[PDB]
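K.L.:
Next comes the structure file protein30.txt, holding compact mmCIF, C-alpha atoms.
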# COMPACT_ATOMS: atom_id res chain seq x y z
CA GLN J 1 11.88 14.19 -30.85
CA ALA J 2 11.35 10.80 -32.34
CA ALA J 3 9.87 10.73 -35.83
CA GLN J 4 7.40 7.99 -34.75
CA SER J 5 4.87 9.20 -32.14
CA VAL J 6 3.84 6.66 -29.51
CA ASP J 7 0.69 8.70 -28.92
CA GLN J 8 -0.36 8.60 -32.60
CA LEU J 9 0.35 4.87 -32.67
CA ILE J 10 -1.58 4.05 -29.52
CA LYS J 11 -4.53 6.09 -30.81
CA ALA J 12 -4.41 3.93 -33.96
CA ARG J 13 -4.74 0.88 -31.70
CA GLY J 14 -7.89 2.39 -30.17
CA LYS J 15 -6.57 3.99 -26.99
CA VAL J 16 -6.96 7.60 -25.91
CA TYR J 17 -3.43 8.77 -25.21
CA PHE J 18 0.23 8.18 -24.47
CA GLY J 19 1.42 11.05 -22.28
CA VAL J 20 4.05 12.39 -19.91
CA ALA J 21 4.54 14.36 -16.71
CA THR J 22 5.87 17.89 -17.15
CA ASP J 23 5.66 21.46 -15.84
CA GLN J 24 6.83 25.00 -16.71
CA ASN J 25 10.44 24.33 -15.61
CA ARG J 26 10.69 21.47 -18.12
CA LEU J 27 8.77 23.14 -20.89
CA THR J 28 11.16 26.12 -20.92
CA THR J 29 14.35 24.08 -21.07
CA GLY J 30 16.04 21.56 -23.28
CA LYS J 31 14.08 19.67 -25.84
CA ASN J 32 11.15 18.77 -23.58
CA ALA J 33 8.51 20.89 -25.29
CA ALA J 34 9.52 19.69 -28.74
CA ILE J 35 9.36 16.05 -27.69
CA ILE J 36 5.98 16.48 -26.03
CA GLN J 37 4.61 18.26 -29.05
CA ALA J 38 5.74 15.54 -31.43
CA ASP J 39 5.45 12.28 -29.48
CA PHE J 40 2.91 12.58 -26.67
CA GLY J 41 -0.77 13.44 -26.45
CA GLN J 42 -1.35 14.20 -22.78
CA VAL J 43 0.39 15.93 -19.91
CA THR J 44 0.22 15.60 -16.15
CA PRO J 45 1.64 18.44 -13.94
CA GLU J 46 4.54 17.01 -11.97
CA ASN J 47 4.11 19.47 -9.12
CA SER J 48 2.18 22.66 -10.03
CA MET J 49 -1.28 21.37 -9.07
CA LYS J 50 -0.36 19.87 -5.69
CA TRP J 51 -1.67 21.42 -2.49
CA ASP J 52 1.65 22.99 -1.44
CA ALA J 53 1.89 24.86 -4.78
CA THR J 54 -1.72 25.92 -5.06
CA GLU J 55 -2.89 26.78 -1.52
CA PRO J 56 0.18 27.54 0.59
CA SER J 57 -1.91 29.60 3.02
CA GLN J 58 -5.61 28.84 3.49
CA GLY J 59 -7.76 30.61 0.88
CA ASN J 60 -4.72 32.28 -0.66
CA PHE J 61 -4.43 30.35 -3.94
CA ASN J 62 -1.53 30.43 -6.38
CA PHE J 63 -2.25 29.25 -9.90
CA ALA J 64 0.70 30.64 -11.82
CA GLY J 65 2.40 27.34 -12.58
CA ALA J 66 -0.80 25.43 -13.13
CA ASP J 67 -2.10 28.13 -15.51
CA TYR J 68 1.13 27.94 -17.46
CA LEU J 69 0.71 24.19 -18.04
CA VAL J 70 -3.00 24.30 -18.84
CA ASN J 71 -2.54 27.14 -21.31
CA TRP J 72 0.40 25.37 -22.97
CA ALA J 73 -1.53 22.13 -23.23
CA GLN J 74 -4.55 23.79 -24.73
CA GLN J 75 -2.43 25.69 -27.31
CA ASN J 76 -0.69 22.43 -28.28
CA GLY J 77 -3.69 20.13 -28.38
CA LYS J 78 -2.75 17.96 -25.41
CA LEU J 79 -5.07 16.33 -22.90
CA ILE J 80 -4.52 17.13 -19.21
CA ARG J 81 -4.72 14.94 -16.16
CA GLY J 82 -4.96 16.99 -12.97
CA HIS J 83 -2.73 15.76 -10.19
CA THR J 84 -3.52 15.67 -7.25
CA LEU J 85 -6.21 16.98 -4.94
CA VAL J 86 -6.07 14.96 -1.72
CA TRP J 87 -2.68 13.53 -0.72
CA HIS J 88 -0.79 13.34 2.57
CA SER J 89 2.55 14.35 1.02
CA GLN J 90 3.41 17.87 -0.13
CA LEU J 91 0.75 19.11 2.25
CA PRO J 92 1.12 22.51 3.94
CA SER J 93 1.52 22.69 7.68
CA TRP J 94 -1.67 24.72 8.08
CA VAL J 95 -3.70 21.75 6.92
CA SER J 96 -2.07 19.10 9.08
CA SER J 97 -2.51 21.39 12.11
CA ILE J 98 -6.33 21.16 11.90
CA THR J 99 -7.90 18.75 14.35
CA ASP J 100 -11.58 19.66 13.92
CA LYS J 101 -13.60 17.45 11.57
CA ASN J 102 -15.97 20.16 10.34
CA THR J 103 -13.14 22.54 9.68
CA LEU J 104 -10.99 19.99 7.77
CA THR J 105 -13.98 18.75 5.77
CA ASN J 106 -14.75 22.30 4.67
CA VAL J 107 -11.10 23.05 3.86
CA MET J 108 -10.81 19.88 1.81
CA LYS J 109 -14.00 20.60 -0.07
CA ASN J 110 -12.97 24.17 -0.79
CA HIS J 111 -9.55 23.09 -2.04
CA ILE J 112 -11.14 20.53 -4.39
CA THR J 113 -13.86 22.90 -5.61
CA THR J 114 -11.60 25.87 -6.21
CA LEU J 115 -9.04 23.96 -8.25
CA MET J 116 -11.55 22.03 -10.29
CA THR J 117 -13.76 25.06 -11.02
CA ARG J 118 -10.86 27.17 -12.26
CA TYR J 119 -10.23 24.58 -14.99
CA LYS J 120 -13.80 23.39 -15.47
CA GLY J 121 -14.16 21.52 -18.74
CA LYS J 122 -10.46 21.62 -19.57
CA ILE J 123 -9.25 18.57 -17.60
CA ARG J 124 -9.89 15.05 -18.83
CA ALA J 125 -9.28 13.33 -15.54
CA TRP J 126 -8.31 14.19 -11.98
CA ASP J 127 -6.39 12.15 -9.42
CA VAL J 128 -8.78 13.05 -6.66
CA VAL J 129 -7.29 10.84 -3.93
CA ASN J 130 -3.69 9.70 -4.09
CA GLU J 131 -1.91 6.96 -2.12
CA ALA J 132 -4.74 6.19 0.26
CA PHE J 133 -3.76 2.57 0.95
CA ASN J 134 -1.17 0.86 3.08
CA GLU J 135 0.74 -2.12 1.62
CA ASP J 136 -1.40 -4.59 3.55
CA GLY J 137 -4.56 -3.14 1.99
CA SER J 138 -5.74 -1.18 5.02
CA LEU J 139 -6.30 2.58 4.65
CA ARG J 140 -3.30 4.81 5.26
CA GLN J 141 -3.63 6.73 8.51
CA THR J 142 -3.24 10.32 7.19
CA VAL J 143 -4.62 13.54 8.67
CA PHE J 144 -7.70 13.12 6.46
CA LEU J 145 -8.43 9.61 7.76
CA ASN J 146 -7.61 10.51 11.36
CA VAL J 147 -9.71 13.69 11.55
CA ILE J 148 -12.55 13.06 9.11
CA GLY J 149 -12.61 9.24 9.12
CA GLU J 150 -13.14 6.76 6.22
CA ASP J 151 -15.85 9.03 4.78
CA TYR J 152 -13.18 11.45 3.54
CA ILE J 153 -12.87 9.35 0.35
CA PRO J 154 -16.59 9.43 -0.51
CA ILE J 155 -16.73 13.14 0.38
CA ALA J 156 -13.78 13.99 -1.84
CA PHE J 157 -15.25 12.16 -4.85
CA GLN J 158 -18.76 13.56 -4.41
CA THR J 159 -17.38 17.09 -4.10
CA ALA J 160 -15.22 16.64 -7.20
CA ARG J 161 -18.12 15.35 -9.30
CA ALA J 162 -20.15 18.47 -8.36
CA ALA J 163 -17.32 20.82 -9.18
CA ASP J 164 -16.68 19.52 -12.68
CA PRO J 165 -18.94 16.71 -13.97
CA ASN J 166 -16.97 16.62 -17.19
CA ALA J 167 -13.86 15.16 -15.58
CA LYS J 168 -13.13 11.47 -14.96
CA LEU J 169 -12.40 10.99 -11.28
CA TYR J 170 -9.59 8.65 -10.30
CA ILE J 171 -8.16 7.04 -7.20
CA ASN J 172 -4.43 6.61 -7.80
CA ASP J 173 -1.87 4.38 -6.07
CA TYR J 174 1.42 2.54 -6.44
CA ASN J 175 2.39 -1.12 -5.94
CA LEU J 176 -0.64 -2.34 -7.78
CA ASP J 177 1.65 -4.25 -10.08
CA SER J 178 1.15 -7.89 -8.99
CA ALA J 179 -2.15 -9.71 -8.86
CA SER J 180 -1.22 -11.62 -5.72
CA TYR J 181 -0.15 -8.59 -3.69
CA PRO J 182 -2.62 -7.63 -0.93
CA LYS J 183 -2.74 -3.94 -1.91
CA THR J 184 -3.92 -4.81 -5.40
CA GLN J 185 -6.77 -6.96 -4.17
CA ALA J 186 -7.75 -4.45 -1.49
CA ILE J 187 -8.16 -1.48 -3.82
CA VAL J 188 -10.35 -3.63 -6.10
CA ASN J 189 -12.56 -4.67 -3.22
CA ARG J 190 -12.89 -1.17 -1.74
CA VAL J 191 -13.61 0.49 -5.08
CA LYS J 192 -16.30 -2.11 -5.80
CA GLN J 193 -17.88 -1.34 -2.40
CA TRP J 194 -17.64 2.46 -2.80
CA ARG J 195 -19.18 2.38 -6.26
CA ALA J 196 -22.00 0.14 -4.98
CA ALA J 197 -22.69 2.90 -2.43
CA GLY J 198 -22.93 5.50 -5.20
CA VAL J 199 -19.48 7.07 -4.84
CA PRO J 200 -18.42 8.49 -8.23
CA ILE J 201 -15.10 6.74 -8.87
CA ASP J 202 -14.59 6.63 -12.62
CA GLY J 203 -11.04 5.23 -12.70
CA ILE J 204 -8.29 3.38 -10.95
CA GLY J 205 -4.87 4.80 -11.66
CA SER J 206 -1.92 2.49 -11.24
CA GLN J 207 1.31 4.47 -10.91
CA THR J 208 3.51 1.58 -12.13
CA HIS J 209 6.86 2.56 -10.67
CA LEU J 210 8.64 -0.67 -11.53
CA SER J 211 11.90 -2.40 -10.83
CA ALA J 212 13.62 -4.53 -13.46
CA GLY J 213 11.63 -7.57 -14.50
CA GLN J 214 8.39 -6.45 -12.92
CA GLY J 215 6.63 -5.66 -16.21
CA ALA J 216 5.51 -9.26 -16.62
CA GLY J 217 3.32 -9.16 -13.53
CA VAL J 218 1.37 -6.15 -14.89
CA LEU J 219 -0.09 -8.49 -17.52
CA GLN J 220 -2.12 -10.16 -14.73
CA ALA J 221 -2.48 -7.20 -12.32
CA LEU J 222 -4.08 -4.77 -14.75
CA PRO J 223 -6.99 -7.12 -15.64
CA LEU J 224 -7.49 -7.60 -11.91
CA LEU J 225 -7.74 -3.84 -11.39
CA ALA J 226 -10.21 -3.64 -14.28
CA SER J 227 -12.41 -6.23 -12.55
CA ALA J 228 -13.48 -3.58 -10.01
CA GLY J 229 -15.86 -2.32 -12.72
CA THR J 230 -14.72 1.24 -13.05
CA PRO J 231 -15.31 2.70 -16.52
CA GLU J 232 -11.56 3.36 -16.88
CA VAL J 233 -8.20 2.25 -15.67
CA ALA J 234 -4.93 3.94 -16.56
CA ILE J 235 -1.19 3.57 -16.07
CA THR J 236 -0.43 6.97 -14.53
CA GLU J 237 3.24 7.38 -13.51
CA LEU J 238 5.18 4.73 -15.46
CA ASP J 239 8.90 4.39 -15.09
CA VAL J 240 11.09 1.28 -15.00
CA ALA J 241 14.50 0.92 -13.36
CA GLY J 242 16.93 0.01 -16.14
CA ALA J 243 14.37 0.89 -18.82
CA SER J 244 14.45 -2.57 -20.36
CA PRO J 245 12.39 -2.90 -23.52
CA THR J 246 10.98 -6.13 -22.11
CA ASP J 247 9.44 -4.37 -19.12
CA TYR J 248 8.12 -1.38 -21.13
CA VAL J 249 6.57 -3.59 -23.86
CA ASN J 250 4.86 -5.74 -21.22
CA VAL J 251 3.23 -2.69 -19.61
CA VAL J 252 2.02 -1.38 -22.98
CA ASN J 253 0.66 -4.83 -23.87
CA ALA J 254 -1.14 -5.06 -20.53
CA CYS J 255 -2.99 -1.83 -21.39
CA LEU J 256 -3.71 -3.06 -24.93
CA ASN J 257 -5.19 -6.27 -23.49
CA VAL J 258 -7.52 -4.47 -21.08
CA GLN J 259 -10.47 -2.84 -22.81
CA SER J 260 -10.98 -0.22 -20.09
CA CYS J 261 -7.34 0.90 -20.10
CA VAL J 262 -7.53 4.36 -21.69
CA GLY J 263 -3.82 5.21 -21.82
CA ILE J 264 -0.40 5.48 -20.32
CA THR J 265 1.52 8.37 -18.78
CA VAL J 266 5.29 8.08 -18.33
CA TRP J 267 6.74 10.00 -15.42
CA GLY J 268 8.97 12.46 -17.28
CA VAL J 269 10.79 12.83 -20.56
CA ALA J 270 14.55 12.46 -20.08
CA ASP J 271 16.48 10.33 -17.63
CA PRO J 272 18.32 13.08 -15.72
CA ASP J 273 15.03 14.79 -14.86
CA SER J 274 13.50 11.63 -13.40
CA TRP J 275 12.64 11.48 -9.73
CA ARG J 276 14.63 8.13 -9.85
CA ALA J 277 17.36 9.35 -12.23
CA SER J 278 20.00 6.97 -10.86
CA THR J 279 18.05 4.09 -12.35
CA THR J 280 17.81 5.68 -15.88
CA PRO J 281 14.18 4.66 -16.03
CA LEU J 282 12.68 6.79 -18.80
CA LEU J 283 12.31 6.61 -22.60
CA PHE J 284 14.73 9.37 -23.60
CA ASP J 285 18.34 9.68 -22.49
CA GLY J 286 20.27 12.65 -21.16
CA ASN J 287 20.85 13.93 -24.69
CA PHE J 288 17.12 13.74 -25.41
CA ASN J 289 17.53 10.82 -27.78
CA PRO J 290 14.98 7.96 -27.82
CA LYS J 291 16.19 4.83 -26.04
CA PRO J 292 15.78 1.20 -27.17
CA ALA J 293 12.62 0.95 -25.06
CA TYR J 294 11.00 3.81 -27.01
CA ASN J 295 11.71 2.09 -30.31
CA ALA J 296 10.46 -1.24 -28.94
CA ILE J 297 7.14 0.36 -27.96
CA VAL J 298 6.83 1.87 -31.47
CA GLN J 299 7.50 -1.54 -33.03
CA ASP J 300 4.98 -3.26 -30.77
CA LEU J 301 2.27 -0.70 -31.55
CA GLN J 302 2.72 -0.63 -35.31
In structure tokens, what does this structure look like?

P.N.:
Amino acid sequence: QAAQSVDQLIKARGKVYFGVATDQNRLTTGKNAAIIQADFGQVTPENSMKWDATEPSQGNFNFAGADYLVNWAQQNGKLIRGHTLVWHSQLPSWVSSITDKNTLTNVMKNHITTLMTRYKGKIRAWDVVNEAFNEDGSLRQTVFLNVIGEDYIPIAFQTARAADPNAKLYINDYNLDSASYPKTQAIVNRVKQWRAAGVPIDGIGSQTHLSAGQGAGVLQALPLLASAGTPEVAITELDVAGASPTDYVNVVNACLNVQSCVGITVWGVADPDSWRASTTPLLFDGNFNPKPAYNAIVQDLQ
């Protein structure tokens, strides 16, 4: 652990949290738990709340891993973001085999409702729909879009709101990191239109999986995302190839500059455990020591 907590410091600047992705396998090994306890204020399950983990056969739910994380978070005073309800990846074969609209609608609704009700009142925010857009701004042709149609997004959000009205409901995506990129503009336009139609979208989550030097563009992209008029935006899965302080400080400053940006989640603790480990993109190294980018964030926030 670092002696200076980025979560305490971002709270002192008026934000809600600075958090990290984790799960039982991380919490029981190394120094991950100690670092999260000391330095972070929020956790996102890396895998334990995805559809493959939680409903591997229809109506036969498995909550062991998810329960572990929620109970640990509650004992340790950390906020939770639930991740993720509707996504085309990590999706069991029994779901993608369904071709009937009524059947898939009911399965989707039941999956949403069951997960959200189990943890009712304990989850600050849910990524309800993940990675719904193509790069050109059209909607990604997934089993949900093909079988249910465009209405799957409204249905998912309305169902989620009913299941737990305490939670903030997010749409989450990647490559929303440049203001001039078509995906960025498209999600703004579609969210504006959905909310005008009464769909309960409380937040846009921007994953922010960056390459070196891309932090600068977030300074203009995040205000653009905020212009959709959602109550919140958040940086949800931050990592940066090369972990340059310059890129990390720019992303933090982008959130500081945007009033509706509630917080930042970094996508893991230590470099070797990153889903992109070959690019050493996190804030702690393989010996669990804070990297220059961690200290630069601390200095920026103080």

K.L.:
Ranking J:91, J:201, J:148, J:153 by minimum distance to residue J:233 and counting all atoms listed in the file, which one comes first?

P.N.:
J:201

K.L.:
Check the smallest atom-to-atom distance from each of J:100, J:300, J:173, J:52 to residue J:129 using all atoms listed in the file, then report the winner.

P.N.:
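Looking only at the distances to residue J:129, the closest residue turns out to be J:173.
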
K.L.:
Please provide the set of residues having any atom within 12 Å of residue J:219, restricted to all atoms listed in the file, with same-chain residues fewer than 3 positions apart removed, written as a count of residues only.

P.N.:
25

K.L.:
With all atoms listed in the file as the atoms that count, which of J:115, J:167, J:21, J:293 lies nearest to residue J:246?

P.N.:
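The shortest atom-to-atom distance to residue J:246 comes from J:293.
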
K.L.:
Hey, which of J:85, J:155, J:20, J:116 ends up closest to residue J:172? Count all atoms listed in the file.

P.N.:
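Of J:85, J:155, J:20, J:116, the one nearest residue J:172 is J:85, counting all atoms listed in the file.
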
K.L.:
Choose the residue, out of J:154, J:82, J:92, J:77, that has the smallest atom-to-atom separation from residue J:57; count only C-alpha atoms.

P.N.:
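Nearest candidate to residue J:57 out of J:154, J:82, J:92, J:77: J:92.
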
K.L.:
Just checking: using all atoms listed in the file, which residue out of J:17, J:61, J:157, J:275 ends up closest to residue J:43?

P.N.:
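Using all atoms listed in the file, the shortest distance to residue J:43 belongs to J:17.
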
K.L.:
So how far away is atom CA of residue J:45 from atom CA of residue J:262, in Å?

P.N.:
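It comes out at 18.5 Å.
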
K.L.:
Between atom CA of residue J:276 and atom CA of residue J:174, what is the spacing in Å?

P.N.:
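Rounded to one decimal, the two atoms are 14.7 Å apart.
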
K.L.:
Around the point (5.5, 17.0, -15.7) in the file's coordinates, collect all residues with an atom within 9 Å, using all atoms listed in the file, and return them as number ranges by chain.

P.N.:
J: 20-27, 43-48, 69, 267-269

K.L.:
Around (-6.4, 6.8, -6.3), as given in the file, which residues come within 9 Å? Count all atoms listed in the file and list them as a short mmCIF file (atom, residue, chain, number, x, y, z; two decimals) with C-alpha atoms, in the frame of the given file.

P.N.:
data_model
loop_
_atom_site.label_atom_id
_atom_site.label_comp_id
_atom_site.auth_asym_id
_atom_site.auth_seq_id
_atom_site.Cartn_x
_atom_site.Cartn_y
_atom_site.Cartn_z
CA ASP J 127 -6.39 12.15 -9.42
CA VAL J 128 -8.78 13.05 -6.66
CA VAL J 129 -7.29 10.84 -3.93
CA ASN J 130 -3.69 9.70 -4.09
CA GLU J 131 -1.91 6.96 -2.12
CA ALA J 132 -4.74 6.19 0.26
CA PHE J 133 -3.76 2.57 0.95
CA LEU J 169 -12.40 10.99 -11.28
CA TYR J 170 -9.59 8.65 -10.30
CA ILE J 171 -8.16 7.04 -7.20
CA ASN J 172 -4.43 6.61 -7.80
CA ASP J 173 -1.87 4.38 -6.07
CA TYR J 174 1.42 2.54 -6.44
CA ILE J 187 -8.16 -1.48 -3.82
CA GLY J 203 -11.04 5.23 -12.70
CA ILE J 204 -8.29 3.38 -10.95
CA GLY J 205 -4.87 4.80 -11.66
CA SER J 206 -1.92 2.49 -11.24
#

K.L.:
Sort by chain and increasing residue number a table of all residues of stretch 29-92 of chain J within 9 Å of stretch 1-9 of chain J, each with its closest pair of atoms and their distance in Å to one decimal, counting all atoms listed in the file, and write it as JSON lines.

P.N.:
{"residue": "J:31", "atom": "CA", "partner": "J:1", "partner_atom": "CA", "distance": 7.7}
{"residue": "J:32", "atom": "CA", "partner": "J:1", "partner_atom": "CA", "distance": 8.6}
{"residue": "J:34", "atom": "CA", "partner": "J:1", "partner_atom": "CA", "distance": 6.3}
{"residue": "J:35", "atom": "CA", "partner": "J:1", "partner_atom": "CA", "distance": 4.4}
{"residue": "J:36", "atom": "CA", "partner": "J:1", "partner_atom": "CA", "distance": 8.0}
{"residue": "J:37", "atom": "CA", "partner": "J:1", "partner_atom": "CA", "distance": 8.5}
{"residue": "J:38", "atom": "CA", "partner": "J:1", "partner_atom": "CA", "distance": 6.3}
{"residue": "J:39", "atom": "CA", "partner": "J:5", "partner_atom": "CA", "distance": 4.1}
{"residue": "J:40", "atom": "CA", "partner": "J:7", "partner_atom": "CA", "distance": 5.0}
{"residue": "J:41", "atom": "CA", "partner": "J:7", "partner_atom": "CA", "distance": 5.5}
{"residue": "J:42", "atom": "CA", "partner": "J:7", "partner_atom": "CA", "distance": 8.5}

K.L.:
One decimal, Å: what's the distance from atom CA of residue J:75 over to atom CA of residue J:126, could you say?

P.N.:
20.0 Å

K.L.:
Within 7 Å of residue J:240, counting only C-alpha atoms, which residues show up once you throw out same-chain ones fewer than 3 positions away? Write them as a list in words, please.

P.N.:
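Within the cut-off, the hits are residues 209, 210, 211, 212, 243, 281 and 282 of chain J.
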
K.L.:
For stretch 179-196 of chain J, which lacks atoms in the input, supply N, CA and C atoms and format the output as a PDB file, in the frame of the given file.

P.N.:
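So rebuild_15.pdb came out as:
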ATOM      1  N   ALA J 179      -0.822  -9.277  -9.192  1.00  0.00           N
ATOM      2  CA  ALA J 179      -2.150  -9.710  -8.860  1.00  0.00           C
ATOM      3  C   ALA J 179      -2.254 -10.357  -7.486  1.00  0.00           C
ATOM      4  N   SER J 180      -1.170 -10.923  -6.993  1.00  0.00           N
ATOM      5  CA  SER J 180      -1.220 -11.620  -5.720  1.00  0.00           C
ATOM      6  C   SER J 180      -0.871 -10.762  -4.528  1.00  0.00           C
ATOM      7  N   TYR J 181      -0.516  -9.485  -4.781  1.00  0.00           N
ATOM      8  CA  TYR J 181      -0.150  -8.590  -3.690  1.00  0.00           C
ATOM      9  C   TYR J 181      -1.357  -8.040  -2.976  1.00  0.00           C
ATOM     10  N   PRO J 182      -1.386  -8.011  -1.632  1.00  0.00           N
ATOM     11  CA  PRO J 182      -2.620  -7.630  -0.930  1.00  0.00           C
ATOM     12  C   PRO J 182      -3.139  -6.251  -1.281  1.00  0.00           C
ATOM     13  N   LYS J 183      -2.282  -5.284  -1.600  1.00  0.00           N
ATOM     14  CA  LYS J 183      -2.740  -3.940  -1.910  1.00  0.00           C
ATOM     15  C   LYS J 183      -3.619  -3.933  -3.163  1.00  0.00           C
ATOM     16  N   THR J 184      -3.247  -4.724  -4.139  1.00  0.00           N
ATOM     17  CA  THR J 184      -3.920  -4.810  -5.400  1.00  0.00           C
ATOM     18  C   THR J 184      -5.344  -5.298  -5.184  1.00  0.00           C
ATOM     19  N   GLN J 185      -5.455  -6.365  -4.389  1.00  0.00           N
ATOM     20  CA  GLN J 185      -6.770  -6.960  -4.170  1.00  0.00           C
ATOM     21  C   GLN J 185      -7.648  -6.023  -3.341  1.00  0.00           C
ATOM     22  N   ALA J 186      -7.003  -5.341  -2.389  1.00  0.00           N
ATOM     23  CA  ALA J 186      -7.750  -4.450  -1.490  1.00  0.00           C
ATOM     24  C   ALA J 186      -8.345  -3.276  -2.261  1.00  0.00           C
ATOM     25  N   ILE J 187      -7.596  -2.637  -3.142  1.00  0.00           N
ATOM     26  CA  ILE J 187      -8.160  -1.480  -3.820  1.00  0.00           C
ATOM     27  C   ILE J 187      -9.330  -1.938  -4.705  1.00  0.00           C
ATOM     28  N   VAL J 188      -9.248  -3.118  -5.313  1.00  0.00           N
ATOM     29  CA  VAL J 188     -10.350  -3.630  -6.100  1.00  0.00           C
ATOM     30  C   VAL J 188     -11.591  -3.787  -5.242  1.00  0.00           C
ATOM     31  N   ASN J 189     -11.428  -4.432  -4.063  1.00  0.00           N
ATOM     32  CA  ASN J 189     -12.560  -4.670  -3.220  1.00  0.00           C
ATOM     33  C   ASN J 189     -13.179  -3.380  -2.702  1.00  0.00           C
ATOM     34  N   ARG J 190     -12.368  -2.442  -2.302  1.00  0.00           N
ATOM     35  CA  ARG J 190     -12.890  -1.170  -1.740  1.00  0.00           C
ATOM     36  C   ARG J 190     -13.559  -0.339  -2.798  1.00  0.00           C
ATOM     37  N   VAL J 191     -12.978  -0.263  -3.999  1.00  0.00           N
ATOM     38  CA  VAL J 191     -13.610   0.490  -5.080  1.00  0.00           C
ATOM     39  C   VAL J 191     -14.944  -0.135  -5.451  1.00  0.00           C
ATOM     40  N   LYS J 192     -15.022  -1.443  -5.531  1.00  0.00           N
ATOM     41  CA  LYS J 192     -16.300  -2.110  -5.800  1.00  0.00           C
ATOM     42  C   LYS J 192     -17.348  -1.685  -4.780  1.00  0.00           C
ATOM     43  N   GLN J 193     -16.961  -1.692  -3.496  1.00  0.00           N
ATOM     44  CA  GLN J 193     -17.880  -1.340  -2.400  1.00  0.00           C
ATOM     45  C   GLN J 193     -18.259   0.129  -2.458  1.00  0.00           C
ATOM     46  N   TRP J 194     -17.319   1.030  -2.709  1.00  0.00           N
ATOM     47  CA  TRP J 194     -17.640   2.460  -2.800  1.00  0.00           C
ATOM     48  C   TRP J 194     -18.593   2.715  -3.953  1.00  0.00           C
ATOM     49  N   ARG J 195     -18.323   2.122  -5.119  1.00  0.00           N
ATOM     50  CA  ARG J 195     -19.180   2.380  -6.260  1.00  0.00           C
ATOM     51  C   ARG J 195     -20.588   1.808  -5.999  1.00  0.00           C
ATOM     52  N   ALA J 196     -20.704   0.695  -5.310  1.00  0.00           N
ATOM     53  CA  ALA J 196     -22.000   0.140  -4.980  1.00  0.00           C
ATOM     54  C   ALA J 196     -22.804   1.079  -4.086  1.00  0.00           C
TER      55      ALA J 196
END
